[PDB]
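*Asks:*
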């Protein structure tokens, strides 16, 4: 029997998950770091997909390959400056990070931050 022979295409769905089906979204753990040498060398990287890359990029922006005092977090980090003292707070959210930063550092103020 002579059948119809044509490839089957259609209209693909541009949707990813839904509300009808789509479990409450667990956080997307991104990896980041803020490399801050007391020298004033600051660098930050966030929303990375690999801890190694994040760390490398943090060191990259800091400037030193071996930039230490690097804060590595998969949360949000907030760096406060207090008269040449640099303190980095950490919280899942920037609100919690600023809260932690100001918990650990008072007197000064948060001027740098980066959230994953």
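Numbering (PDB author numbering), first residue to last: 1 to 116. Just so you know, even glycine gets a beta-carbon here, dropped at the ideal spot from N, CA and C.
(1) Provide the residue(s) that pair with residue 109 in DSSP beta bridges, ordered along the chain.
(2) Which residue wins for smallest C-alpha separation from residue 95, given the options 114, 85, 51?
(3) Could you pull the start and end residues of the alpha helix (DSSP H) that residue 53 belongs to?
(4) Apart from the five residues just before and just after residue 99, which ones in its own chain have a Cβ nearer than 7 Å to its Cβ?
(5) Are the stretch 32-41 and the stretch 52-60 in contact at 8 Å, needing three or more beta carbon pairs?
(6) Cβ atoms of residue 102 and residue 83: under 8 Å apart, would you say?
(7) Taking the Cβ atom as the reference point for each residue, do residue 31 and residue 51 lie within a distance shorter than 8 Å?
(8) Determine the closest residue to residue 87 out of 104, 73, 75, 93, with distance taken between C-alpha atoms.
(9) With DSSP collapsed to three states, give me the class of residue 8.
(10) Since residue 45 and residue 67 are thought to touch, with beta carbons under 8 Å apart, how far apart are those beta carbons, to the nearest angstrom?
(11) Are residue 71 and residue 77 touching if we call contact CB-CB under 8 Å?
(12) In the DSSP output, which residue or residues are listed as bridge partners for residue 71?
*Replies:* Taking the definition as stated:
(1) For the purposes of this step, residue 109 is taken as residue 109 along the chain shown, with counting starting at 1. DSSP output for residue 109 lists 81 as bridge partner(s).
(2) Translated into the one-based positions of the chain shown, residue 95 becomes position 95. Selection 114, 85, 51 evaluated against residue 95 yields 114 as nearest (Cα-Cα).
(3) Stepping through the chain shown from its first residue, residue 53 is reached at position 53. Segment 51-62, the alpha helix (DSSP H) holding residue 53.
(4) The count along the chain shown starts at 1 and reaches residue 99 at position 99. In its chain, beyond the 5 residues on either side, 91 have a beta carbon closer than 7 Å to the beta carbon of residue 99.
(5) Look at the beta carbons and you see the stretch 32-41 touching the stretch 52-60: at least three pairs across the two are nearer than 8 Å.
(6) What you label residue 83 is simply residue 83 of the chain shown in a count that begins at 1. What you label residue 102 is simply residue 102 of the chain shown in a count that begins at 1. The answer is no: Cβ separation not under 8 Å.
(7) The count along the chain shown starts at 1 and reaches residue 31 at position 31. The count along the chain shown starts at 1 and reaches residue 51 at position 51. In this structure, residue 51 lies closer than 8 Å to residue 31 by Cβ.
(8) Counted from its first residue, the chain shown places residue 87 at position 87. Here the closest residue by C-alpha is 104.
(9) Residue mapping note: residue 8 aligns to position 8 of the chain shown, counting from 1. In this structure, residue 8 counts as coil in the three-state DSSP scheme.
(10) For this step, residue 45 is matched to residue 45 along the chain shown. For this step, residue 67 is matched to residue 67 along the chain shown. The C-beta separation of residue 45 from residue 67 comes to about 12 Å, leaving the pair out of contact by the 8 Å criterion.
(11) The residue you call residue 71 lines up with position 71 of the chain shown. The residue you call residue 77 lines up with position 77 of the chain shown. Judged by beta-carbon spacing, residue 77 lies within the 8 Å limit of residue 71, meaning their Cβ atoms are closer than that value.
(12) On the chain shown, residue 71 is found 71 positions in, with the first residue counted as 1. According to DSSP, which records beta bridges pairwise, residue 71 is partnered with 34.
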